[PDB]
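Here is the structure we will look at, set down as structure tokens.
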Amino acid sequence: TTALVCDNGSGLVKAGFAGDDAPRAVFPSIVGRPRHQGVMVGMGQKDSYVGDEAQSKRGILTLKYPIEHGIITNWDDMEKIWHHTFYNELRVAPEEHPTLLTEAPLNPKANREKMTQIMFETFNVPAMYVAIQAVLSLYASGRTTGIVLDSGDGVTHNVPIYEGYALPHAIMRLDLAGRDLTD
Amino acid sequence: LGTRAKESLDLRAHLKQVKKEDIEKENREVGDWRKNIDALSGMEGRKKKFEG
Ligand SMILES: Nc1ncnc2c1ncn2[C@@H]1O[C@H](COP(=O)(O)OP(=O)(O)O)[C@@H](O)[C@H]1O
Ligand SMILES: [Mg+2]
């Protein structure tokens, strides 16, 4: 079967089946509970709008990103985001598809372990693999050497690679990124 | 005097022969290989596969 190449990121979740050119569904990763009271009855008001739906009703929501700086600070919301990504934006049950998450360098271990535990227990995938976000960006350029500066929205990290041999002692991770520029 | 001179001459003659005539066994190794050019003709591939 085909593999699911998900990419959590921080600010935009990008996902799609392996072997294409562009991600199938790209949508902000925000989960916003309503904050006002609500008087219309039977309007079908949900308790949390996630993804791109909460960028249209954002006038009466309190959007809050579940990923602060690479690390994940609110596991329930992240689980909700993943569930939405699998079932509504791709409509493929995870029981029949390998997954390939991505993770920033130098992140806490507990984050990665919890990620794999969720993927194996809740969604019950057949097999998942976690890859460093810079090696992939080096794949896409068709190179095999080079030093890649991957300035995302959560964290900016700079992984040098030569001839396929990564240099673990030369990774410089800096926490200034797009969110701090927005602020 | 001539005998002594010819002794050294004959002794050095064989050394010179071995040193020099044996060079003719091969001297083409100086010749380099092709090292051809492409002339913008070997641009017939996309970014599809790179590992192989
Ligand atoms: N065209 C653009 N010009 C300037 N900044 C941009 C543009 N597109 C996205 N950004 C910034 O980059 C962020 C998205 O980065 P992204 O690569 O999606 O992060 P991640 O690594 O989490 O996927 C946005 O928050 C935005 O601030
Ligand atoms: Mg990124």
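Just so you know, the sequences run in chain order G and I.
For the first sequence, the deposited numbering begins at 5 and goes up steadily by one.
For the second sequence, the deposited numbering begins at 160 and goes up steadily by one.
Idealized CB from N, CA, C, for every residue including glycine.
When we look at the beta-carbon of residue i and count the other beta-carbons within 10 Å, is it buried (16 or more) or exposed?
i: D157 (chain G); result: buried
i: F31 (chain G); result: buried
i: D81 (chain G); result: buried
i: residue 213 (chain I); result: Residue 213 (chain I) falls outside the range modelled here, since chain I spans only 160 to 211, and no answer is possible.
i: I196 (chain I); result: exposed
i: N186 (chain I); result: exposed
i: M44 (chain G); result: exposed
i: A58 (chain G); result: buried
i: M47 (chain G); result: exposed
i: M202 (chain I); result: exposed
Identify which residue in the options has its Cα closest to the Cα of residue i.
i: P109 (chain G); options: G:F124, G:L171, G:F127 and G:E99; result: G:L171
i: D179 (chain G); options: G:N162, G:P70 and G:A7; result: G:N162
i: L142 (chain G); options: G:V54, G:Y91 and G:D154; result: G:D154
i: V129 (chain G); options: G:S33, G:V17 and G:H87; result: G:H87
i: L16 (chain G); options: G:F127, G:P38, G:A26 and G:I34; result: G:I34
i: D56 (chain G); options: G:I76, G:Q41, G:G48 and G:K18; result: G:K18
i: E125 (chain G); options: G:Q41, G:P98 and G:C10; result: G:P98
i: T6 (chain G); options: G:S14, G:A22, G:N12 and G:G13; result: G:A22
i: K207 (chain I); options: G:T106, G:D25 and G:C10; result: G:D25
i: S14 (chain G); options: G:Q121, G:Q137, G:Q49 and G:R147; result: G:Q137
i: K84 (chain G); options: G:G74, G:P70, G:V96 and G:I75; result: G:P70
i: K113 (chain G); options: G:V134, G:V43 and G:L185; result: G:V134
i: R205 (chain I); options: G:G146, G:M132, G:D187 and G:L185; result: G:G146
Please return the same chain residues whose Cβ sits closer than 6 angstroms to the Cβ of residue i, not counting the five positions on each side in sequence.
i: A174 (chain G); result: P164
i: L8 (chain G); result: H101 and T103
i: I182 (chain I); result: none
i: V189 (chain I); result: none
i: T148 (chain G); result: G168
i: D11 (chain G); result: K18 and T106
i: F90 (chain G); result: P98
What residues are listed by DSSP as bridge partners for residue i?
i: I71 (chain G); result: G:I76
i: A29 (chain G); result: G:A19
i: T66 (chain G); result: G:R37
i: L8 (chain G); result: G:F21 and G:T103
i: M47 (chain G); result: According to DSSP, which records beta bridges pairwise, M47 (chain G) is partnered with nothing at all.
i: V54 (chain G); result: G:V35
Once the 5 residues before and after residue i are set aside, which same chain residues still bring their CB inside 8 angstroms of it?
i: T160 (chain G); result: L153, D154, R177, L178, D179, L180 and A181
i: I64 (chain G); result: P38, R39 and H40
Among the residues of its own chain, which have a CB less than 7 angstroms from the CB of residue i, if the five just before and after it don't count?
i: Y53 (chain G); result: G36, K61 and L65
i: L94 (chain G); result: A19, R28 and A29
i: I122 (chain G); result: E83
i: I75 (chain G); result: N111, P112 and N115
Review point. Which ranges would you report for the alpha helix (DSSP H) in the stretch 125–172 of chain G if only whole runs of at least 4 residues count?
Key: 137–144
Check your understanding: In chain order, which continuous runs of the beta strand (DSSP E) of length 3 or greater are located wholly inside the stretch 88–112 of chain G?
Key -> 103–107
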